[PDB]
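Visitor: coords please:
(chains A, B, C, D, E, F, G, H and I, ligands or ions: 3)
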Amino acid sequence: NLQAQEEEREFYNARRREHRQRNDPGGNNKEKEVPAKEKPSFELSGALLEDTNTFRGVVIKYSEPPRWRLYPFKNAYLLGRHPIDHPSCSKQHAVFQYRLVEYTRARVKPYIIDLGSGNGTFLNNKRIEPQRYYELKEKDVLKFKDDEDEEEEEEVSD
Amino acid sequence: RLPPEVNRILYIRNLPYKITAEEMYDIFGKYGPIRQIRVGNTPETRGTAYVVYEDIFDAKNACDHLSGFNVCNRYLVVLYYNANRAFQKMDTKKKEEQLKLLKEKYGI
Amino acid sequence: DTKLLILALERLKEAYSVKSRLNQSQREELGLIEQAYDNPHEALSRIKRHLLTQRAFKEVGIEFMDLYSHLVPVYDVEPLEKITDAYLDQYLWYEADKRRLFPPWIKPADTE
Amino acid sequence: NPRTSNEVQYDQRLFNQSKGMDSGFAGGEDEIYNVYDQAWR
Amino acid sequence: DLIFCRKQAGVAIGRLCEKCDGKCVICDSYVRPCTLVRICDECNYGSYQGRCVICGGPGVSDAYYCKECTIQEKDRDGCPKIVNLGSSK
Amino acid sequence: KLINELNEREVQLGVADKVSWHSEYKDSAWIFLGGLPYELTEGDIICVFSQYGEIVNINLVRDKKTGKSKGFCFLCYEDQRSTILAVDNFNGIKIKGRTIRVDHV
Amino acid sequence: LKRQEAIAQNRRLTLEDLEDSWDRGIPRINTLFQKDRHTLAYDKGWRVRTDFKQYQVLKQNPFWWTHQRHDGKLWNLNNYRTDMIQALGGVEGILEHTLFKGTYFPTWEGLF
Amino acid sequence: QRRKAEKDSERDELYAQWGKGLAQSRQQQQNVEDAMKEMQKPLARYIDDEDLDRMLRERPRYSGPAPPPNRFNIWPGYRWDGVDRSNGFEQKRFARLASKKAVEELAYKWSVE
Amino acid sequence: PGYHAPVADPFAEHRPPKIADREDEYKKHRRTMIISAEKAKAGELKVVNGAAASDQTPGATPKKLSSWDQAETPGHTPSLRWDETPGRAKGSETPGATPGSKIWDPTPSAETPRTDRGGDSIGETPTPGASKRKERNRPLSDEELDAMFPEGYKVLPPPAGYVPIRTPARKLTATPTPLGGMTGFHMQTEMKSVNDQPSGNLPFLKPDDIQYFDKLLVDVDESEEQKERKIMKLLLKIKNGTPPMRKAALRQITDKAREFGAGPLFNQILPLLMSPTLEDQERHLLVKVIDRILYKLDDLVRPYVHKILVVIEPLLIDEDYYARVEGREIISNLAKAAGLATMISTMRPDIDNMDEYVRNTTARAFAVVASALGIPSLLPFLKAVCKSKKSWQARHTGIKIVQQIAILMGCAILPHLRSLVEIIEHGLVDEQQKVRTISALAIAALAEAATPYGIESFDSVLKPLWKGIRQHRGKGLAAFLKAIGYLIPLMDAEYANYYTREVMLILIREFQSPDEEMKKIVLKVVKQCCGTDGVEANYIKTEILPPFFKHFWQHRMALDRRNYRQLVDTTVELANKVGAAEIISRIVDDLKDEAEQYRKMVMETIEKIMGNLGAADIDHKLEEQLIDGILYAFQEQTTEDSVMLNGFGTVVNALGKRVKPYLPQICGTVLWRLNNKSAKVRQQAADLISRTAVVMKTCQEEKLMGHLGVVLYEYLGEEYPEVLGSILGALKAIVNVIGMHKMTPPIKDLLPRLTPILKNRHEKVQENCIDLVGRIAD
Ligand SMILES: [Zn+2]
Ligand SMILES: [Zn+2]
Ligand SMILES: [Zn+2]
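Guide: Numbers count the residues shown, from 1 in each chain, chains lettered A, B, ... in the order given. Ligands and ions are numbered 1, 2, ... in the order given. Dropping the coordinates below:
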């Protein structure tokens, strides 16, 4: 009377479901219903590129603050290790899926969401817990012992 | 979410006879990495070119935005290039060495 | 392009919509417009060819509609140039509205 | 993976009812009639 | 594209549809129906039972030869059921 | 595959409802999903087919000894119009690369 | 407002919540839902072309000012017919002027 | 053998009542209530009380997003995957039926001429 | 405005009304097709060694050995055929050494083509394997790059630096898309080259077809082969243009066949007939030019045969019928045009091809070529194939070939039926399933074309089949039932008594399966088994009819086409045995059923039944339900069709004068319907009169002839032609019953009233009118 029947049942997800529904591999963090690109939300704001709101990225290598590039957020983005992830990162500590940055509507607002990367991620050198959208404000800082880099956000003005 | 007939190769026409591959690589290089590009050097085919990308969706965004796009005085003819047709000029062979390699290295 | 050509062709078809037996020239017009539906790209290329080249057109008929007060001029063109010109017009107005050519104070306007 | 889109936009039952383009109603010919939209009985 | 099958003539009676009804087969004429048509069941079978010798519809009548083809003895050759040079169906 | 062409002869000819061949049954909820992928399980197919209704109970045929699916399931909803909707709708569907089949029982 | 509430609900709008205004408004809101709406979005200046149709076409358009495809149908006279028949004394009222009782038809409900 | 044959037989009652359409059965049940209305309400008009409250207002159920319209208008179940998996025959069938309504009218417009 | 802009093809409506895509997801793989004596046993070990040397192909070997069953007959022909199969060079070597050892032993008592398929399957195993170990987007090589594009193009680097931009482009497709960018325009005042196809005329080019016809666009002219390809654009004149241009062009290219040769033509055609955008008409026309040029070229086409068939075989499987008869025709002309060995040696590698599509359409191809060159010539090939020990897919193909030969050749299979059976029999017992299924199916097709003869040729096949009938679940079972079904009419009523009585059980049990394949099979079966003269009525009446009308008569069936027809036939035959009043009596109540198609079905069924058996069997009450049923069904007609009308007419003419009490109801309905709403039903009620004339005559109701006479006389002013025609027809039929001098509308009235109608243009009027003027004038 240890195991009555050797099989029984499941009532559980299937790999081909979640697989086929998200593929670049299969990915996590499917965009929520709100997500919309920032430029068209600057079109509903009636804003030409002069007065438009564009989020540019700024890089500083964590050891040396002394641009490897500069990155626009306007064109969500998948922050990951490198091929799957769009925002590839050379950092060797980033899990194959590290985090994601999604612009959402609450207004067009930027959001950062951790995917539960094994190491974590520090915000203004202060980490956030996994699995919730955390709004970012301009000049805030991101870094992916395991931090080789830094990042900053800027709206386009002046 | 794509029509099947489109392919990684695009036939491009309405080109000048002076045109430079610098402008070519620059312009076409927007959408993705170039697999390579050919240009007719022959009396009839001068003025025509073929572009091939590492990915199809590259070419899709290309023909999307590059549709009737302009160079000099000209609006380039941008079409998705066909398949098969004249092929057998080359052969099927040289599979033996590479297949022997993948059968050797990974052992599978 | 297909959008525009379609609109213009419908517009031309609208004058004859009641369609009694009409006449010969009108018959040519219906048959030619009808042709334009089956093979649109042909018609568009022929049109752009005219627009790039021909500077000499055929004679226009003229007649007066009688309002019993002031007469109204009425012009008659060969069908080919009517389809060509029609597409030319839908296109011109379309680009014009897109580019905000006409300031708001000109008001036989689509909005109101 | 849900299939998501910005906003909502509109349903379907209606989103395709009335004809298209069609244009008004003849140059404005007398012969047309057409005053009433639905039959009597 | 369209030519006779010319298999051996059997005892099966010919069958013409509405359209072909009056025609003598070879002379293409309506004149002087006299003798009767015979084609092999290889040409006439199954879905071809009561089928037209020509178009492939149901036979409403039987073909009669003219007197012209009679004296020239053409009615005695292979079964005059036209086959298209694809299949017969 | 034959179903979809029966729905096209039913729509094309203007069948107009109640003479519909879903009125063939009126007595039956349970539906037949054949040609299913072997990796699938109860909770899954429940999650996909609770779309068009509320499924009360489904018995998926899984070989008794090995304990793996034979590739098809007999399902039971709470509502018939859910069955009519499901056969007439969810059929000819791709799952994991293979097109499932559905029909009444 | 109905669009905004639909956005916040994420549920798209049905027919019924629009059944109130269905026939109302100068653009005649229902005209958004025209099947061919795409094509008409690319038509511009229609209202002026109607003004100049009087020169291209002999006949005289009274409706020149509007077009049902852009502006919808701006009136519904369906009532006028019913009230007309009522004022004449009903079906039995008008028919009382006719030969109808001659035809020996059981009813007029089937007159065709 | 009483309780066993009532396991199988009372399971014939269970899976018999379940078979058809549990959803269908309740709707049938509502009609039964309607008969009750008849006994007290032989020929109801207007202000009589059921009509009153009637016009005086004008178990997990699925939460997320929206469920595309179903001819029969049925909300999806509790744990439903939340994804549209369909042949689209509903819409097109849904759209086509609507198109016909336009067709009957533009058919008429013809008649007066 | 922005809100109406938030609310922001018809040519794609009318243009798609021209031609169609027509096709499924299964067929579109077309688009992926790129252009092109015990020492005779030990001696079979010897030949296996030598040919294996010159590896492992079973087919050619069994083809070689396949000449042994004629022994001492075999001759130089074996050198010819094999000449194509292996290299024609080694061909003289092997065949020569074979005749030497053969004659001696008696006294004392393309490779590249196949090499490609092996590599193709091996790469399939490599990739498939890797995922387990772990499409068109797979990276490519410069030889593969040189493989696609045609002659005369150069590869360029502009820089090494711009190339490094192309390499960083991938990384920068992510990186530089996330960076500063935008475009703008300035207001400034402003050459425009372009090409249509000018010369004199050159009928127009679709925007895509440029890719093909671009060489014609350039105007460089008048300076060899390049001028033959250049002048070969007369194709364009065939594809698009005015009908006269197509005609004259077509002839001009016909007479230039021998000149230009098949190579340049097919090189410039097969791309077009391969075009993804191809029309219906354009397709058909290119098919025409391929025919007309293949009436001439004979020995020339040998290299291109496969290169043809690859495009053509998709014509055999098609929704269009005329497309199919054309395809069979042109493959007939090709195979007969080329040589047998050309066809055989050509088409082998498609047998084991991974996709089953090419295998199938290839099977129908062998069917066509076998119709061309005859069964006995091609036999040893097949008989070699079905015994191939490599893999099953081959045998599956070859068996399918046996089938499609059965369908195509049909009645003419008869002579070689025995040998064919002797081939196929070994697959019924095979371990694989498909081979068994398709096998027994092929037996079915045979027997169906074998209609009764050659029973003993099927003989050895039976005993396994019957046994299988016991143990099978699923489709294979039904298939066996199909075979046995077509067999039973060919047996003896004594043996078939027993065997039949055995089949009836399973036949009963299997009515209920949801499979529609099942229901088709078991249906036609019930026809043949129960339509046997050696079967007893009462047994059918009890055992069969109640389940038959229960499960089979439902609204799933009738909506389908084939199921509709076959159902009609089977029911007709059951009536042919058990009698009339039974069947009809059970199906009358369904005349009043809602749906049309169902009513149509039972209506035509009643029609055929009362056509054959005669109305004499019918009793009284059921006859009341009859006439009422037929009127009722006839009163609601959604579409115009004969079935209801011919149905009514046959019913009445069959009832004879038993119908007399029913006339006033009939003709009352006939007049009231004879008004209704015009164009739909007038013509139909009229025709109803036309076919009911004689019945309204012989029973001697004269008032009714007055009615129809002057009433119909009045409609001759009807403006709708399609009605008026039916009216005149009705008058015609009334003239053939009541005579000249008794016409209630005396001819003096009628005929001049007819005279002006002859202007009427539209057809049916002219037809019936002239006819009637003929009857009266005669
Ligand atoms: Zn024959
Ligand atoms: Zn005929
Ligand atoms: Zn003759």
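Visitor: which residues touch residue E:61?
Guide: Residue E:61 sits next to E:15-16, E:21 when contact means Cβ atoms under 8 Å, 6 or more residues apart in numbering or on different chains. C-beta here means a position set from N, CA and C on the backbone, and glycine is covered the same way.
Visitor: not counting its neighbours along the chain, what's nearest the residue positioned nearest the centre of chain A?
Guide: For chain A, residue A:100 is the residue whose C-alpha lies nearest the centre (Cα atoms, centre = their mean; 1.2 Å). Setting aside the residues directly before and after it, residue A:100 is nearest to residue A:29 in space (Cβ to Cβ, 6 or more residues apart in numbering or on different chains), at 4.7 Å.
Visitor: that neighbour and residue B:67, how far apart?
Guide: 33 Å (Cβ to Cβ, to the nearest Å).
Visitor: with residue I:194 instead?
Guide: Distance from residue I:194 to residue B:67, by Cβ to Cβ: 16 Å.
Visitor: same question, residue A:78
Guide: Applying Cβ to Cβ, the value for residue A:78 to residue B:67 is 29 Å.
Visitor: could you pull out the strands for the chain?
Guide: I'll assume chain A. Ranges of strands within chain A are A:55-61, A:70-72, A:77-81, A:88-89, A:97-105, A:108-114, A:122-123, A:126-127, A:134-135, A:141-143, A:149-155, based on DSSP state E.
Visitor: please go with chain I instead
Guide: Using DSSP E, strands in chain I cover I:154-155.
Visitor: within range of chain F, give me the residues from it.
Guide: For chain I, the residues in contact with chain F (Cβ under 8 Å from any Cβ of the partner chain) are I:514, I:516, I:554-556, I:559-561, I:593-598, I:638.
Visitor: show the buried residues in those.
Guide: Buried subset of the residues of chain I next to chain F (neighbour count, 16 or more other Cβ atoms under 10 Å in any protein chain shown): I:516, I:555-556, I:559-560, I:595-598.
Visitor: most widely separated two among those residues?
Guide: Using Cβ to Cβ, the pair of those lying farthest apart is I:516 and I:596, separated by 21.4 Å.
Visitor: which ones are touching the residue in chain D that chain E sits nearest to?
Guide: Across chain D, the shortest distance to chain E (Cβ to the nearest Cβ) belongs to residue D:19, at 41.1 Å. By Cβ under 8 Å, 6+ apart, the contact list for residue D:19 reads G:34-36, H:102, H:106.
Visitor: hmm, 6 Å instead?
Guide: Shown in contact with residue D:19 (Cβ atoms under 6 Å, 6 or more residues apart in numbering or on different chains): H:102, H:106.
Visitor: and residue F:6, by the same measure?
Guide: Contact analysis of residue F:6 by Cβ under 6 Å, 6+ apart lists residue I:559.
Visitor: please identify which helix or strand holds it.
Guide: helix F:2-12 (DSSP states H and E).
Visitor: just give me the residue right at the centre of chain C.
Guide: Centre-most residue of chain C, counting by Cα atoms, centre = their mean: residue C:86, 2.9 Å.
Visitor: tell me what the residue of chain A at minimum distance from chain I is bridged to.
Guide: The nearest approach of chain A to chain I comes at residue A:71, 3.7 Å away (Cβ to the nearest Cβ). Beta-bridge partners recorded for residue A:71 (DSSP bridges): residue A:57.
Visitor: quick check, it in contact with residue A:55.
Guide: No - with contact defined as Cβ atoms under 6 Å, residue A:71 does not reach residue A:55; the gap is 8.8 Å.
Visitor: looking at the two, which is more packed in?
Guide: Using other Cβ atoms under 10 Å in any protein chain shown as the criterion, residue A:71 and residue A:55 rank with residue A:71 on top: 24 against 20.
Visitor: interface residues of chain D facing chain I?
Guide: Contacts of chain D with chain I, taken as Cβ under 6 Å from any Cβ of the partner chain, are absent.
Visitor: up against ligand 3, what does chain D have?
Guide: Counting by Cβ under 5 Å from the ion, no residue of chain D lies close to ligand 3.
Visitor: pick out the residue closest to the middle of chain D.
Guide: Centroid-nearest residue in chain D: residue D:18, 1.9 Å away (criterion: Cα atoms, centre = their mean).
Visitor: ok, now how distant is the nearest residue in space to that residue that is not next to it in sequence from residue G:69?
Guide: Excluding the flanking residues, the one nearest residue D:18 by Cβ to Cβ, 6+ apart is residue G:34, at 4.9 Å. Going from residue G:34 to residue G:69 by Cβ to Cβ gives 7 Å.
Visitor: now do residue I:738
Guide: Residue I:738 sits 59 Å away from residue G:69, going by Cβ to Cβ.
Visitor: please identify which of those two sits among more neighbours.
Guide: Set residue I:738 next to residue G:69 and count neighbours by other Cβ under 10 Å: residue G:69 wins out with 24 against 17.
Visitor: ok, the helix or strand where that one lies near chain D or not?
Guide: Element membership of residue G:69 [criterion: DSSP H and E] is helix G:68-71. Yes - using Cβ under 6 Å from any Cβ, helix G:68-71 reaches chain D at G:68-69.
Visitor: from chain G, which residue is nearest to chain A?
Guide: residue G:10 (5.7 Å).
Visitor: residues in contact with that residue?
Guide: Here residue G:10 is in contact with A:33, D:8, H:65 (Cβ under 6 Å, 6+ apart).
Visitor: try it again with 8 Å
Guide: The contact partners of residue G:10, taken as Cβ under 8 Å, 6+ apart, are A:33, D:8, H:65-66.
Visitor: save the residues you listed as CSV, and put in neighbour count too.
Guide: Below are the contacts of residue G:10 laid out as CSV (neighbours: other Cβ atoms under 10 Å in any protein chain shown):
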residue, neighbour count
A:33, 19
D:8, 20
H:65, 17
H:66, 17
